[PDB]
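So the structure is just underneath, and the comments pick up after that.
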Amino acid sequence: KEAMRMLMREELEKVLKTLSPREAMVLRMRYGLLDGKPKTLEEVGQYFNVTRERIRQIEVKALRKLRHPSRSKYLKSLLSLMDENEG
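Numbering (the entry's author numbering), first residue to last: 313 to 399.
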């Protein structure tokens with residue numbers, strides 16, 4: 313009962329497997345997993361030593377690497393995560 317939730321952990325797991333520790337970390341921050349508060353790439357990139365282009369690069373290569381283990385979880389997960397959905 314206590315400490316029970318398991319809301320969901322599919323897309324997060326399917327994507328992380330392709331991204332390296334450093335690449336995933338940037339998205340971890342962007343996702344708000346590091347502290348629980350989602351931040352924009354500007355906060356993450358600037359936090360390290362790179363601009364949006366770095367995660368921009370990861371998203372690209374991630375897509376290339378995803379074309380094998382997962383059909384396109386990154387796309388759907390990213391689409392569902394942002395305001396790409398119509399209201």
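Positions of the beta carbon are idealized from the N, C-alpha and C atoms, including for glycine.
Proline 333: member of the alpha helix (DSSP H) spanning 333 to 343, first to last residue.
Under the three-state reduction of DSSP, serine 389 is assigned to helix.
When DSSP states are grouped into helix, strand and coil, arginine 379 belongs to the strand group. For the pair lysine 313 and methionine 320, the Cα-to-Cα distance works out to about 17 Å.
Note on geometry: alpha-carbon atoms of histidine 380 and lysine 329 lie some 11 Å from one another. One thing to note: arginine 342 has its Cβ no nearer than 7 Å to the Cβ of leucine 324. Between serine 392 and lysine 326, the gap from beta carbon to beta carbon reaches 7 Å or more.
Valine 372 sits exposed, since fewer than 16 C-beta atoms from the chains shown fall within 10 Å of its C-beta. Pairing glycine 357 with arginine 368 gives a Cβ-Cβ distance that is not under 7 Å.
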